[PDB]
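Worksheet: one structure, shown below.
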Amino acid sequence: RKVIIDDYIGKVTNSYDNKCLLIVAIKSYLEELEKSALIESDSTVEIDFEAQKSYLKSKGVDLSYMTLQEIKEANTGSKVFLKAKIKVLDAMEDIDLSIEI
Amino acid sequence: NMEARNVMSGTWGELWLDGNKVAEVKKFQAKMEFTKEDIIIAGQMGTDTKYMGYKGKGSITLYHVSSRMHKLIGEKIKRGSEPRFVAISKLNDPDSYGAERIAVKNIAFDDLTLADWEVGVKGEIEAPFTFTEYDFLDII
Amino acid sequence: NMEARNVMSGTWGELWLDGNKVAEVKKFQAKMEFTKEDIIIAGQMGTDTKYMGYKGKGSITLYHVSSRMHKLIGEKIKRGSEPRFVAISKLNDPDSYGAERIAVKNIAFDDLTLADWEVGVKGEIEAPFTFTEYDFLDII
Amino acid sequence: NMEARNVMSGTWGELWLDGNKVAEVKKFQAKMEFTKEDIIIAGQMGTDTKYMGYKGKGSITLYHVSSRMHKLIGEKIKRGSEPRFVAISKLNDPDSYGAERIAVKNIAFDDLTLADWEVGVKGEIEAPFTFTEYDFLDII
Amino acid sequence: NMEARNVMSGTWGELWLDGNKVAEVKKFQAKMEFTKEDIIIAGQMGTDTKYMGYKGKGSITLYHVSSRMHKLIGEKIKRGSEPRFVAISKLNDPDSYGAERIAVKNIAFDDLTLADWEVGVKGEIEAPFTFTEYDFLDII
Amino acid sequence: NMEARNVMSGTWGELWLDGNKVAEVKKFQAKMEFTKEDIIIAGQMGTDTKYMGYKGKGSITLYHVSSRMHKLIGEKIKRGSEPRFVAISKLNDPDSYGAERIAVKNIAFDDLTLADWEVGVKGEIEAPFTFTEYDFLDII
Amino acid sequence: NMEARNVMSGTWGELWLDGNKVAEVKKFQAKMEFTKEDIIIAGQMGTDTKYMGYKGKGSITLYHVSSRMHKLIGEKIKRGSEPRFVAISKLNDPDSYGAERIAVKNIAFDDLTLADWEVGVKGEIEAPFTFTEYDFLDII
Amino acid sequence: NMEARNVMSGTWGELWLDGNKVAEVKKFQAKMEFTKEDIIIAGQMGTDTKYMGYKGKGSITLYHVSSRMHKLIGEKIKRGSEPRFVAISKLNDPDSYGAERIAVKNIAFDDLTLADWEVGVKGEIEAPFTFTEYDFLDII
Amino acid sequence: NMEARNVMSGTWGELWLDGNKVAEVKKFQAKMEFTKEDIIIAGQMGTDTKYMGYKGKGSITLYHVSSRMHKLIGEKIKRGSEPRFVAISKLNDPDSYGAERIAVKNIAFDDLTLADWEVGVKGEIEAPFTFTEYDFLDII
């Protein structure tokens with residue numbers, strides 16, 4: 001929240017390239033969090049396809065003849081939609097051992 | 001599934017060099033050459049190989065619209081310092097399944113072309129390079 | 001017996017790579033290069049050779065429909081581990097006497113092509129490889 | 001004596017391999033390469049040579065009607081045993097003076113082609129070999 | 001921004017050699033070849049290179065209007081003294097963004113062509129050279 | 001100044017060999033190949049070269065009107081004596097600025113062609129040579 | 001059991017010297033040379049040997065990134081005190097099973113390279129040594 | 001941390017001899033060879049060594065621009081007095097961090113090259129020497 | 001100051017032997033080897049040296065145009081008298097500044113080559129020698 005508020009709200013134009021740059025910044029922050037071993041190293045960030053499609057449908061444009069790649073970069077006004085996938089580590093609390101006599 | 005329209009066309013590519021989009025681009029190519037050594041194992045006729053590393057190579061060809069390549073490295077080369085660049089290639093064909101983007105890092109160029117022209121011939125400049133690292137972005 | 005229609009056509013082939021059928025295939029080629037040493041035997045003018053082993057080589061060329069080749073080996077190559085695959089080629093021409101099928105094993109690829117495009121030209125990707133073993137399935 | 005019609009045509013040849021007639025044959029070639037060493041003799045400017053031996057080489061190209069070449073040597077090569085064959089070539093043109101026949105012995109092949117096909121192209125298989133001995137039968 | 005007309009054409013170039021304008025010029029080319037050594041660093045598969053220097057090469061091709069090339073170096077070469085020249089190339093296309101000018105210094109030529117003619121063919125003379133230094137003047 | 005008509009044409013040349021004019025001449029070419037060694041000077045990236053000498057090379061091609069080349073050297077070569085000749089080339093085009101003449105001295109020929117003919121093809125003989133010295137006569 | 005991939009690669013090795021990691025390592029080698037005295041026993045033809053001791057030898061080669069070796073021993077050599085070090089080598093190939101780590105103790109170097117460079121050549125330093133004792137840490 | 005660019009290049013070095021800069025320097029080398037005696041200690045298998053002293057050796061190679069070496073020592077060698085010199089070497093690569101400067105004192109040359117030349121070969125002079133003491137000035 | 005052209009070339013040298021110019025000279029070399037004794041001084045680690053004298057060595061290589069060396073020494077060697085000669089070497093490169101001329105006195109040859117030839121190889125003669133004194137004439 002602090003990173004987004006400091007440098008992105010109101011200072012960039014809502015284009016596809018700026019969205020990609022913001023995605024890169026978030027991914028870089030997650031990779032920085034990686035080295036401290038707080039979460040897992042499989043984190044991915046990308047455009048929230050379904051939310052964007054729902055918003056476009058609400059605005060009235062027809063998506064029957066729109067390519068899947070075309071929907072990603074279509075205009076959304078001021079709104080931006082993103083999604084991520086991270087895995088959070090936990091401490092050792094249960095242990096199983098089987099010694100074969 | 002497979003159809004003729006799905007094949008990507010090179011007219012739809014674009015290239016960013018050092019964060020600046022290059023509009024006068026003709027072709028872009030990157031490749032990785034693996035290093036493998038032959039190993040003969042007793043009792044088997046077929047030879048087997050062991051992989052040891054890779055080497056990256058490529059080139060850029062672009063129309064001679066402006067003297068872009070000089071301003072990058074011309075003065076730095078004489079002094080003895082070699083710069084490293086980052087290139088991004090995006091291939092976005094409307095017919096194909098989306099687009100693929102790749103970042104090629106640690107690029108070092110092989111040569112610099114001061115002047116090349118001939119009467120009755122349009123000008124072109126091609127520059128080969130070598131790299132070490134790469135990323136995958138929005139692969140299909 | 002022999003007739004023109006009996007000759008096989010390449011349009012009727014197909015290729016399975018790692019258990020997944022590849023539809024955008026242009027050509028497939030496999031070969032085995034024997035190793036022979038010259039030996040001169042006293043009293044005979046004609047030189048004779050001794051067979052010592054074989055080496056397997058081949059290549060695959062396919063249309064650039066999708067980024068299939070990256071997902072296989074791109075991340076594994078950097079880490080230092082080399083994967084091995086299995087390919088099956090089937091050639092089934094209705095006019096010829098049935099079909100022949102061959103399995104090529106222990107395939108290791110020679111290079112990886114990150115990007116290759118040019119304005120006004122359709123995209124293609126060719127990848128050479130080396131193998132060690134093979135089977136015969138439904139040979140004519 | 002000499003006339004255009006007397007020239008032999010390749011359409012009229014035929015080839016027997018291991019006692020079985022091969023009907024899908026495109027071309028056949030055999031040759032002997034002599035080995036000669038330069039010798040300089042005092043008092044003479046012109047260099048003279050001494051003949052020491054010969055090496056036999058050739059190749060066969062045939063339409064890919066059937067998987068004949070595999071059944072001969074495919075399984076034997078892996079085990080470590082090399083077979084030897086005998087080929088007979090006959091060239092019988094009605095216009096020329098009769099026919100000439102030659103037997104090429106102790107044939108050992110150079111490589112085996114598991115698969116080779118491309119879309120829109122007819123299949124062909126070429127196999128080079130080396131030999132040691134030969135006979136003359138009904139030479140003109 | 002990018003447009004077809006912006007591409008520079010070779011018809012609009014001109015070349016000054018030793019302070020005298022050369023009007024019968026067909027093409028002019030200069031290039032710098034960097035010297036790089038492969039370095040393998042423990043723990044990384046990708047090979048990296050170290051830049052050590054550069055070598056300059058080029059050539060000039062011009063119509064055989066007059067015996068200009070002889071008067072420069074013909075008598076000096078025999079005596080044992082090698083001259084050094086300076087060349088300036090200017091490429092000024094009205095459609096493109098202005099003009100670029102480059103001075104190539106310390107030029108030493110590779111060969112001298114005494115005579116070259118053939119019946120029914122116009123005469124041309126091409127001379128390659130090597131250089132060491134360069135300046136940028138009015139680069140775009 | 002510069003105009004199309006000023007370019008010299010090869011049809012207007014002529015050649016004197018050993019004081020006798022050769023009328024059946026197709027082309028004549030002479031060149032001087034300098035010898036240069038790379039020298040690396042501490043503190044400078046650009047490599048520099050040192051000139052050490054030159055080598056002369058050329059060739060003559062002429063129609064096979066008569067057996068001129070045999071009578072010159074055929075008997076002398078076998079005995080062990082090598083002759084040296086002098087050639088003069090004159091290029092006189094009415095449109096160009098006058099004519100240029102050059103004498104090439106100490107010519108020694110590389111080979112002798114005893115016979116060369118083929119059915120349906122006109123005969124030609126080309127002879128390469130090497131020289132050491134030259135003069136300038138009426139240079140433009 | 002035996003596969004080509006199991007062979008260790010030297011790119012994956014790393015070296016510690018006096019507890020500080022040496023990233024600029026090219027090659028490492030440590031060897032133990034036994035001492036054996038010839039013994040002849042009366043009544044038997046075959047000559048036999050007796051083992052008496054061993055001597056340890058080795059060498060380290062590294063790029064000339066910094067002046068590491070000077071600070072280690074240069075000042076102490078002049079005074080008369082000979083330092084002793086400990087080296088640790090680990091060879092961890094991902095394809096091979098297990099990594100071997102060996103400690104070499106009581107090292108004494110043979111020489112110090114104050115300065116060595118040549119124009120157009122990258123710098124490298126190599127230093128042989130002798131040791132006395134070793135130790136096994138997680139051998140395969 | 002470790003990068004290919006950090007490797008020092010010998011092109012950027014320079015040498016001072018007796019306070020006069022030597023611009024015609026090709027390569028410089030200075031080495032210190034220790035003296036060690038084998039010591040066998042009863043009760044332990046491994047042989048140990050004792051350090052006793054060092055001997056310094058080196059050489060200088062330079063182009064034959066002028067007769068620098070003659071004026072230094074030629075006259076004094078005949079009389080019987082052996083001069084002693086001081087050499088300073090600095091290696092300053094812009095890509096590497098820091099430049100190392102070392103002074104080599106009490107130099108005595110091994111030989112004097114009066115004359116050495118061959119046709120078609122550039123001239124070079126090399127001279128080995130031995131020294132006694134060194135000094136560190138701004139090591140990395 | 002330092003330029004590539006300043007390097008002396010061996011093609012421009014010439015040699016006088018016993019007052020007669022030697023035009024058939026291939027290479028010349030004269031060297032002075034010092035004699036030094038190791039001296040160990042108590043209290044200091046570095047070994048030092050003492051200079052005692054010098055020995056002169058050299059060789060001359062020349063083409064086999066004539067029998068020059070026989071007439072010089074052949075008859076006197078049998079009788080028992082050993083002749084002594086004087087050689088003068090001058091190296092005058094037009095590009096370099098100044099020419100060095102050195103006289104080598106009291107020459108004694110090591111061997112005489114009566115005959116040495118092989119078929120298809122040009123003849124050459126080389127003869128090493130030792131000298132005692134030298135002299136400087138117009139050193140640079």
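Letters A, B, ... go to the chains of the structure tokens in the order shown; residues in each chain start at 1; ligands are counted from 1 in the same order.
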
Report as a ChimeraX atom specification: the residues of chain B with a DSSP assignment of strand (DSSP E or B), based on the backbone of this structure. /B:9,13-17,20-22,25-39,46,48-63,85-92,99-109,111-118,121-122,124-130,133-137

With only C-alpha atoms considered, list every residue of chain G at most 10 Å from chain F, as a ChimeraX atom specification. /G:118-120

Could you pull the residues within 8 Å of residue 76 (chain A), counting only C-alpha atoms, minus those fewer than 2 positions along the same chain, as a PyMOL selection string? chain A and resi 52+55-56+74+78-80

Long-range neighbours of residue 88 (chain A) as a list in words, 10 Å cut-off, only C-alpha atoms, 5 positions minimum in chain: residues 37, 38, 39, 40 and 41 of chain A

Polymer residues at most 8 Å from residue 115 (chain E), only C-alpha atoms, same-chain spacing of 3 or more positions, as a ChimeraX atom specification: /F:28-31,89,102

For N, CA and C atoms, I'd like the residues from the last selection saved as a PDB file, in the first residue's frame.
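Resulting contents of out_15.pdb:
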```
ATOM      1  N   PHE F  28      43.843  -8.146 -68.896  1.00  0.00           N
ATOM      2  CA  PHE F  28      45.158  -8.033 -68.285  1.00  0.00           C
ATOM      3  C   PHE F  28      44.997  -7.378 -66.924  1.00  0.00           C
ATOM      4  N   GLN F  29      45.678  -7.917 -65.918  1.00  0.00           N
ATOM      5  CA  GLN F  29      45.523  -7.439 -64.553  1.00  0.00           C
ATOM      6  C   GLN F  29      46.842  -7.546 -63.806  1.00  0.00           C
ATOM      7  N   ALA F  30      47.187  -6.489 -63.073  1.00  0.00           N
ATOM      8  CA  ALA F  30      48.376  -6.462 -62.233  1.00  0.00           C
ATOM      9  C   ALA F  30      48.019  -5.835 -60.896  1.00  0.00           C
ATOM     10  N   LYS F  31      48.706  -6.262 -59.839  1.00  0.00           N
ATOM     11  CA  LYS F  31      48.384  -5.800 -58.498  1.00  0.00           C
ATOM     12  C   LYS F  31      49.609  -5.971 -57.613  1.00  0.00           C
ATOM     13  N   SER F  89      51.259  -2.255 -70.860  1.00  0.00           N
ATOM     14  CA  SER F  89      49.819  -2.152 -71.041  1.00  0.00           C
ATOM     15  C   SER F  89      49.445  -0.696 -71.258  1.00  0.00           C
ATOM     16  N   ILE F 102      51.759   1.661 -68.511  1.00  0.00           N
ATOM     17  CA  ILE F 102      52.537   1.109 -67.411  1.00  0.00           C
ATOM     18  C   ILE F 102      53.367  -0.052 -67.934  1.00  0.00           C
TER      19      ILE F 102
END
```
